[PDB]
Amino acid sequence: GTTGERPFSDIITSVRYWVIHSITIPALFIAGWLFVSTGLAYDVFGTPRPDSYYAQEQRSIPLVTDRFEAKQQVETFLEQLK
Amino acid sequence: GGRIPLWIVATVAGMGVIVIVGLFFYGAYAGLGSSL
Amino acid sequence: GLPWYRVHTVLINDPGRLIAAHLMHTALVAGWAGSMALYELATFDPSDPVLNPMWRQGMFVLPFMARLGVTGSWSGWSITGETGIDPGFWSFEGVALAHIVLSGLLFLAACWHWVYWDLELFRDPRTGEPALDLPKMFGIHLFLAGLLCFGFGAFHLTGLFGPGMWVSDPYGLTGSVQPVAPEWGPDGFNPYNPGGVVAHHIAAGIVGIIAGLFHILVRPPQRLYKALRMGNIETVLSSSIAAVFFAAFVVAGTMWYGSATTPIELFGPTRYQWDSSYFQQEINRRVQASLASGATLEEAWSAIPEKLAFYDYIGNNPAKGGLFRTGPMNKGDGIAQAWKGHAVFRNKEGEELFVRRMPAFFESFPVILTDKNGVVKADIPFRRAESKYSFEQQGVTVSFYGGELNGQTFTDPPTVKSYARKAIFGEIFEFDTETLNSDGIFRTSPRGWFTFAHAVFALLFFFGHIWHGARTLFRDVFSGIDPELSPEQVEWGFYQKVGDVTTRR
Amino acid sequence: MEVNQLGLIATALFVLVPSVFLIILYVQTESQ
Amino acid sequence: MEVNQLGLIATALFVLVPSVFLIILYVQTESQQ
Amino acid sequence: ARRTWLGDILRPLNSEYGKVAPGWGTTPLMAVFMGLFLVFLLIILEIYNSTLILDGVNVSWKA
Amino acid sequence: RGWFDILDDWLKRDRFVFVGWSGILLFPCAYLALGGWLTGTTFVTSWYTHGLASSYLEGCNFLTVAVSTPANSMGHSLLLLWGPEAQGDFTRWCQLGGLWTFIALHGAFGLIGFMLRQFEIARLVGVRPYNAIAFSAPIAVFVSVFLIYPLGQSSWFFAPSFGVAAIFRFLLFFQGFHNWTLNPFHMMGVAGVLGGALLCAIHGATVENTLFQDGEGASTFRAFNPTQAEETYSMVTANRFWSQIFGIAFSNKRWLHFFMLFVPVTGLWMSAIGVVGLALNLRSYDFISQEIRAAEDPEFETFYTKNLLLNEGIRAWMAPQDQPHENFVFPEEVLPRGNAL
Amino acid sequence: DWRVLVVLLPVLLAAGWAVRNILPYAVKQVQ
Amino acid sequence: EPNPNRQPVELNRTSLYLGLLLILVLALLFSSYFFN
Amino acid sequence: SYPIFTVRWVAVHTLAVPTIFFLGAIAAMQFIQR
Amino acid sequence: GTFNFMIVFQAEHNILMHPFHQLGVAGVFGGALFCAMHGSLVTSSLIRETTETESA
Amino acid sequence: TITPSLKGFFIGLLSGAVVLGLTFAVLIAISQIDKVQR
Amino acid sequence: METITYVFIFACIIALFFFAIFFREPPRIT
Amino acid sequence: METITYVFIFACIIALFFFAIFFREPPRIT
Amino acid sequence: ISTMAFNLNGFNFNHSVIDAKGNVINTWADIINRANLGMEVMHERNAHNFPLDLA
Ligand code: CLA
Ligand code: CLA
Ligand code: CLA
Ligand code: CLA
Ligand code: CLA
Ligand SMILES: CC1=C(/C=C/C(C)=C/C=C/C(C)=C/C=C/C=C(C)/C=C/C=C(C)/C=C/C2=C(C)CCCC2(C)C)C(C)(C)CCC1
Ligand SMILES: CC1=CCCC(C)(C)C1/C=C/C(C)=C/C=C/C(C)=C/C=C/C=C(C)/C=C/C=C(C)/C=C/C1=C(C)CCCC1(C)C
Ligand code: OEX
Ligand SMILES: [Cl-]
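Residues numbered from 1 in each chain as written, not as in the entry; some residues may be left out. Chains lettered and ligands numbered in written order. Part of a larger assembly, values for the part shown. Heavy atoms only, no water. Residues with missing side-chain atoms left out of burial classes, pairs and counts.

Going by the header, the method for this PDB entry is X-ray crystallography, and the resolution given is 2.0500 Å.

If you look at the biggest cluster of nonpolar residues, it comprises 202 residues, and the most contacted ones within it are C:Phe345, G:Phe43 and G:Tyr149. For this core, the two domains that each supply at least three residues are domain 1 (1–270 + 444–505) and domain 2 (271–443) of chain C. Those residues in contact with G:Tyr149 that sit more than four places away from it in its chain are C:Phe361, G:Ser144, G:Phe158, G:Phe170, G:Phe173, G:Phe174, G:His178, G:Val275, G:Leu278 and G:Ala279. In terms of nonpolar packing, the next biggest core, distinct from the first, is built from 20 residues, C:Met59, C:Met65, C:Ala96 and C:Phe267 among them. (Core = buried A, V, L, I, M, F, W, Y, C linked by side-chain atoms within 4.5 Å. Buried < 20%, exposed > 50% of the residue type's maximum accessible area, 1.4 Å probe, protein only. Domains from an automatic or database assignment. Contact = heavy atoms within 4.5 Å.)

With that settled, consider the packing of helix α7 (residues 136–152) of chain G against helix α11 (residues 253–279) of chain G. Residues and elements named next belong to chain G. Packing of α7 against α11 leaves a shortest axis separation of 9 Å and a crossing angle of 5°. The orientation of α7 relative to α11 falls into the category roughly parallel. Counting all contacts with α7, which are made through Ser 136, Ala 137, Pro 138, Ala 140, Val 141, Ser 144, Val 145, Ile 148, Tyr 149 and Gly 152, the residues of α11 involved are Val 265, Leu 268, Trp 269, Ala 272, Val 275, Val 276, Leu 278 and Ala 279. (Axes fitted to C-alpha atoms, helices over the stretch in contact; angles between N-to-C directions. Helix = DSSP H or I, 4+ residues; strand = E, 2+ residues; numbered from the N terminus. Parallel < 35°, antiparallel > 145°, perpendicular 65-115°, else oblique.)

Time to look at the interface of chain C and chain G. Taken residue by residue, the interface counts 72 residues in chain C and 68 residues in chain G. Counting the surface lost from both chain C and chain G, the interface buries some 5,800 Å², and carbon and sulfur atoms represent 64% of this. Taken together, the links from chain C to chain G amount to 7 salt bridges. Among the salt bridges present, the one from C:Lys497 reaches G:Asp8, with a minimum N-O distance of 2.6 Å. Of all the secondary-structure elements, those providing two or more residues to the side of chain C that touches chain G are α7 (233–257), α9 (271–275), β7 (376–379), α15 (446–473) and α16 (487–490) of chain C. (Buried area = accessible area lost by both parts, 1.4 Å probe. Salt bridge = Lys/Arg side-chain N within 4 Å of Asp/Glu carboxyl O.)

What follows concerns the site of ligand 2. All names here are of chain C. As a matter of local geometry, ligand 2 sits amid 17 residues, with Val 29, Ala 33, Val 61, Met 65 and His 99 nearest to it. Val 61 is positioned such that a nitrogen or oxygen atom in its backbone is 3.2 Å from an oxygen atom of ligand 2. One of the side-chain nitrogen or oxygen atoms of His 99 is found 3.2 Å away from a nitrogen atom of ligand 2. Elements with a minimum of two residues in the shell around ligand 2: α1 (15–43), α2 (62–67), α3 (92–115), α4 (134–157) and α5 (194–217). For the shell around ligand 2, the residue count by class is 13 nonpolar, 3 polar and 1 charged. (Near = heavy atom within 4 Å. Polar contact = N/O pair within 3.5 Å; in protein donor to acceptor, adjacent residues only side chain to side chain. Nonpolar A, V, L, I, M, F, W, Y, C, P; charged D, E, K, R; others polar.)

Here we come to the pairing of strand β10 (residues 428–432) of chain C. Residues and elements named next belong to chain C. Counting buried positions along β10 gives 4 out of 5 residues, so the element sits mostly inside the fold. The pairing of strand β4 (residues 335–346) with β10 spans 5 bridges and is classified as antiparallel. Its bridge partner being in β10, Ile 335 is matched across the sheet by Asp 432. (Pairing = 2+ DSSP bridges.)

Taken together, 23 residues are adjacent to ligand 5, and G:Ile24, G:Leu78, G:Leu81, G:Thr101 and G:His106 come closest. Here an oxygen atom of ligand 5 and a backbone polar atom of G:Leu81 are 3.2 Å apart. For the shell around ligand 5, the elements supplying multiple residues, two or more each, are α2 (27–49) of chain F, α2 (20–43) and α5 (98–125) of chain G together with α1 (4–33) of chain L. For the shell around ligand 5, the element with the most residues is α2(F), which contributes 5 residues.

This part covers the UniProt feature "transmembrane region" in chain E. In the numbering used here, UniProt assigns the feature "transmembrane region" to residues 7–28 of chain E. Counting secondary structure, residues 7–28 of chain E comes out at 100% helix and 0% strand; the distance between its end C-alpha atoms is 32 Å. (UniProt positions renumbered as here; feature names shortened; annotations may be inferred.)

Attention now goes to the coordination of the calcium atom of ligand 8. Bound to the calcium atom of ligand 8 on the protein side are K:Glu12 (OE) and O:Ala55 (O), at distances that span 2.5 to 2.7 Å. Residue K:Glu12 is located in helix α1 (residues 2–13), and its partner O:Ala55 is located in the segment after α1 (28–42); the two belong to separate chains. According to the relative accessible area criterion, K:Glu12 is partly exposed, its value standing at 29%. Classification of O:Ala55 as exposed rests on a relative accessible area of 90%. (Donors = N, O, S within 2.8 Å, 3.2 Å for Na, K, Ca; no water.)

This paragraph deals with the packing of aromatic side chains. Using the criterion set out here, one finds 104 aromatic pairs over all chains in the structure. Ring plane angle 25° and centroid distance 4.2 Å describe the contact between G:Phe173 and G:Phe177, whose orientation is recorded as stacked. Residue G:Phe173 and its partner G:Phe177 are located together in helix α8 (residues 164–178), separated by 4 residues, close to a single helical turn. Both residues of the pair, G:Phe173 and G:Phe177, count as buried. For the cation-ring pair, C:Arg471 lies above C:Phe478, with the distance from its terminal atom to the ring centre recorded as 4.4 Å. Taking NZ or CZ as reference, G:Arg15 lies 4.3 Å from the ring centre of G:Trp10, over its face. (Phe/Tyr/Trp six-rings, centres within 6.5 Å; stacked < 30°, edge-to-face > 60°. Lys NZ or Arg CZ within 6 Å of the ring centre and 35° of its normal.)

When the 38 pairs of chains in contact are compared, the highest contact count belongs to chains C and G. Kept free of each other, chain A and chain E leave a smallest C-alpha distance of 54 Å between them. Chain L makes no contact with chain A, the minimum C-alpha separation between the two being 11 Å.

Quick look at the environment of D:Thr11 now. Residue and element names in this part refer to chain D. Checked against the element boundaries, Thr 11 lands in helix α1 (residues 7–30). With a relative accessible area of 3%, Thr 11 lands in the buried category. In this structure, the C-alpha to C-alpha distance between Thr 11 and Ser 31, residues 20 residues apart in sequence, is 31 Å.

Turning our eyes to something else, we now look at the interface of chain A and chain B. Each side of the interface is counted separately: chain A has 11 residues, and chain B has 9 residues. Sorting elements by how many residues they give to the side of chain A that touches chain B places helix α2 (residues 15–37) of chain A first, with 4 residues.

The structure is reproduced here in structure tokens:
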């Protein structure tokens, strides 16, 4: 049966549909590109860039070792990078 | 409603993914994660 | 006829015979408690609460008797190792007897209620059909649970009229049964504060008393009566099973983690005491202290009680066992006889070294000795040809302080190696492996078995809840869907609201 | 092999008891 | 006591096999009438 | 059906089969309690988890 | 019509995507578990928790990205965003592993929502809720493996991370530390999964190869009207074929589809029991009799002993990097190895 | 900073262009 | 005064065969672990 | 005479709009050099 | 012996990282899933032809 | 006395209430407009 | 004793196979 | 184990007594 | 199985991620490989005389 909505075969073949989505889809794509090309994704999520995994001469990993001193531990390790 | 024939949109869409995926396989050999 | 898996559904419309079945189950359980306790008394060795406590001997119900105040036997011993005690009737033996007698009385009551199943009490005066007013029964039973719960808290646990409960220090050395005052503060919710247990039963008891009053007096709303099928006793099973598996998960949890109601002298230590070196730290405190007041090494280590050394031993860790390694812990590593003493390893240069301890995850673990800073300095190698840290090369020795070997030092490598292989398990003990023909493989403790069984039963009872929950709410279609049911009901668009015939078009 | 000698009786009752239960139910079925 | 290990299995079967036989025949007798 | 002494005494406790308060009755009051109990379970769990830390409450065997 | 009854009407409307009361739990929790997984595999590291890269951003591909478990040092912390570890700092929450609990717990509640949905829809449509009952097995697996198992261990660290190769690692950890292949509860699970796949294939091929000729085309899919009365295939010829090929056959269509439910559902439940055991390290790791003999007789060797030597390899070679917080340091000379390799 | 803007930029555009283009047929939705 | 709720119980031959197979295979599976 | 904004509508855009954004993000990742 | 074979196979071929074995796992998981689905769905729509005291 | 994590507890308690509130506010509002017909 | 036990159980299964095939409930067309 | 066996059998006999007396076939006349 | 028979093996991502300097940044594939290596060097412990296990 028909739950009442507009058929999809009908929407995607419609021009009005593509007028709208010839813009929005690429725009979202470019937003997402920008999100990474601006380097913004790194600072939001705290992901190391290729140069910030280790300090120049360290080979050990900045592993969190305390439950409640934990957010401080990460910060202190981010300072030893400079 | 039905001005753009379905088979056309199919090919467009498909060639669209093929490109994106192709790029991801390119990236498996270039830059981050290529072992190089 | 009835399939084998539906046999007991003949009771659903038979309140008398339901009670009879419930009595017989009750008699079986009580009989089991009785029987289990007699078996434990026949096999328990009371002679050493330090190195051979109940939880090393596979005792399962003995700790639940101990927990609430039963601590002595008519034969004159107590679990605290005190001789010449007179416990009166409520010894382990008398508790076991009382459960056998109780079981037999309940067996008899089940016969009467099975035969005289047709009592007029169970027949709705209105229609004459068998009927049970479950809303009113719940109020009654809740009121009763409230009173027991209050009275258990107010008299038994406080000691106003009763023995109290098992309480101990933080390291399980001085446990005993003591009255406990209620803790009304926010620390009452700390699972490690026993006063919270008293407070809990008093406050919840009262609340249960008052909730049961409400449920005796005020009828359920029609909305809730229909939605929950309150005229159908399977709804009560469904919700009762739900509360049981909830209860079983909490009790598995508190047993695995430690609470004030799962003490280590009755059930053994937790795995988390091994992970955090909880007993090793405390032992080291007491040693550092001793050496701060001028005691010799031998004197300071000689002052650690065996009971505390024995807690710092991976063989007592509950997460070291196996599923088909059966029986008491003493059948694995054997019956602990004595502390051998604290083993101190030093290399040729006098620097003291520390065996890296076995984590619970590992069935086997290599022998690696580090210095105070964690630099590897000695090890037992696998490939010998390029070994640079061998005991022979590094000249490591072992000297013992405290226990059986206090003052002895060994220098032959084969002997130093065997004490280093044991140091991965923590403190080193002398074991009797002969009496029980022990095989040398770690077993788990009653804390382990309890948790496993209850976690498993809790998970299975979730399935029971889903099963009886669905049968309540779909009883109309248990035997199948209606044969004259049309696509306008199940196909799309015919109706604006699913299921509702009154929403045409 | 140094096996668990309670294993023989556990295995035997594991088989016998539930199998007997089934047999009892099946035979009384065939006779009604 | 140092007792014949097989005594247990022997006793259990000695009891169980003939008893189950009798029960089987009784229950199918009641399903007739 | 068999009448007994004790039965006759108990009879009223099992006499209101099917009686209900009209409509929704005390449901809103029940929901308040449920909602209160939930926040109360939340507090208990988070104390055991040490997500909520309170002064004077030391969730360690050293209590 | 009270406001409750009006909200009921609107939630149970016949639309392209049914909502219902169950939906208020299902759709937010599922979207967020899903969304949190995508967000974390795309952008978030495991550097501070595990010493591992784990996102597309870092150069991982679809097989090696994970939302990884929090550090061992968090214990069983709920790792709420407003909790004491992250203190409301989103960035620090990600770095400390909070997306793992975010996904774990919203998925737990979304699975509840999905089962209630199965109940809700079955009730309104008028069918028996056997599908909801079947979904109990996925829930037993999810809860046993992702929740109970870590709650028995030292922390969430040792639960499974949400990734293709993270899960492979979990498999091999389970072989090397728990000897999970030897566990009879896993073995029953294998039987129910493999026998489920077997039932799936043999029932499908049987129906497709006993079809009645109900149209005249070579594509036999068009000869079926869902409103028809008649069986579209022959139970009688199916039964004869299998009686003669394999000796027995189903004769009862209802028993046959009940058995298809039972077999895989019961397998997953058994495997879940075993994992609850492993939550406590209560493993079927050894056979004592084999070990007593092997220790005394250096010529006694079985596949059981060979497999333990492999477990010993996995543990020593993988533990230092897999559990970095233990600071395991194994000199070359202690690492077990056979000749040459 | 400046990047919170450029990332959102194309998204905002894309919202106007759809909102200005379906605005009429939308206002119908009103019964 | 006989009880009206009594029902007869059934187990057909096919159920016996399936049930016996279940028991025997469970025994063959767990027996190794019982002997250990 | 169909609606254009429905529940179904919300459902596709809660999924599809983040999907494209994510893809552009992942596309850009193929040009990150170390 | 079968376990022995699987472990050695993983070390010598990294079969877990092979797409065809990933296809095989989707094959058998999906078989089990669809097995349970179909059994549950057909079982859910059995036509009432019996009483509650007899096997459906 | 009031600790940081207790203030966290209240923060999330209120955050959660507000999420629940909006949802049913929205939903009741819609269901009152877009009503079924009989 | 353990060898005998495993072989006994295996032997019972093989006998079950025989009866379940040759002495089944015959399917009929009701 | 031998103690448990002895008492178990004895316990079964006592139970049998109970059923033999109170759940006998009731003798009926002619 | 039939093509790993001819040693066309599973994907290999060992040391596939490295940082700006060139340190290896382990992924989950490298943890799998630590396990594989334990299996490799223990199996058939007396059977190999030469350092590669080529069949
Ligand atoms: C001042 C009064 C007072 C005091 C001091 C206490 C004190 C206590 N109460 Mg009591 N309580 C009181 C009044 C009081 N109560 C009143 C008035 C009521 C209402 C009648 C209750 C009802 C109540 C209940 C229902 C419970 C307590 C519990 C407790 C204990 C909490 C500590 C603990 O071990 O938690 C441990 C328990 C928890 C942390 C709760 C666990 C929550 C889980 C997550 C629930 C969901 C489980 C889930 C379905 C399964 C997950 C699966 C997977 C993770 C494996 C403690 C002794 C708890 C208890 O018995 O502990 C043994 C408990 O269950 N109380
Ligand atoms: C008649 C009184 C009586 C007394 C004094 C005892 C006393 C004892 N029993 Mg025995 N027992 C009895 C009856 C009794 N039993 C009966 C009738 C049975 C058959 C069911 C048993 C079966 C039995 C077994 C199987 C075992 C014992 C054990 C024990 C000992 C430990 C008790 C314990 O930890 O319980 C603890 C009880 C609980 C923790 C239950 C708590 C209730 C939960 C939380 C339900 C909550 C739901 C509730 C309605 C909600 C309330 C609402 C609230 C607001 C108020 C102790 C000596 C143990 C022992 O050592 O045996 C040798 C043991 O293992 N008993
Ligand atoms: C809550 C239940 C419980 C718990 C936790 C314990 C715990 C304990 N008991 Mg006790 N016991 C119990 C109930 C329990 N008992 C009951 C009900 C009885 C009467 C039979 C006994 C009789 C008893 C004796 C005689 C002894 C113990 C002993 C012990 C200890 C060792 C247990 C052991 O080796 O496990 C072994 C357990 C296993 C190997 C688990 C086997 C589970 C298998 C897999 C069966 C389930 C498989 C199933 C059929 C699969 C079917 C799937 C299907 C649905 C498809 C331990 C402290 C021993 C001890 O040291 O005493 C001093 C001892 O000698 N117990
Ligand atoms: C308080 C617990 C409780 C109670 C009172 C009931 C009561 C009932 N169940 Mg439910 N059920 C429960 C828990 C409970 N169940 C749980 C926890 C599960 C999940 C495993 C189920 C799953 C379930 C299903 C799937 C079905 C029932 C059915 C039934 C009904 C018929 C049962 C029957 O004739 O069995 C007869 C059983 C036998 C003759 C032998 C069974 C042998 C078992 C497997 C081994 C024996 C274990 C042993 C004695 C030790 C006990 C362990 C102890 C820890 C519990 C009956 C009303 C049936 C029903 O709805 O009928 C309409 C049905 O289909 N139950
Ligand atoms: C179905 C909806 C739903 C559910 C069940 C959850 C559930 C959860 N979320 Mg998610 N979440 C949701 C939607 C949902 N969320 C949405 C829509 C968003 C986007 C904003 C998020 C964003 C989000 C984040 C960012 C995080 C969570 C987290 C959590 C967890 C902790 C929640 C908590 O502590 O609540 C506390 C609050 C409550 C329990 C609300 C209680 C409501 C009232 C106040 C109760 C009291 C009522 C009163 C006394 C009586 C009134 C009666 C009534 C009739 C009026 C839990 C797993 C956390 C997590 O995963 O961390 C690991 C986390 O960090 N959620
Ligand atoms: C009559 C009478 C009497 C007597 C009494 C008696 C003598 C009793 C006893 C009783 C008893 C003596 C009981 C017992 C019981 C037991 C039980 C009931 C058991 C059970 C068990 C089980 C159930 C098990 C199970 C299992 C197994 C087997 C394996 C593993 C797992 C499990 C655990 C599950 C008197 C004089 C008093 C009085 C008068 C009357
Ligand atoms: C690979 C392939 C082979 C077969 C053919 C096919 C063309 C299908 C194909 C293509 C597949 C491709 C490449 C798929 C890619 C899809 C992607 C990456 C999907 C991305 C969707 C991501 C979504 C929604 C993210 C939403 C995230 C949410 C809400 C975040 C929620 C939140 C989180 C996580 C934390 C706190 C804040 C908040 C808001 C609560
Ligand atoms: O045999 Mn069976 O395993 Ca195929 O690789 Mn080479 O060889 Mn032996 O080594 Mn590794
Ligand atoms: Cl070679």
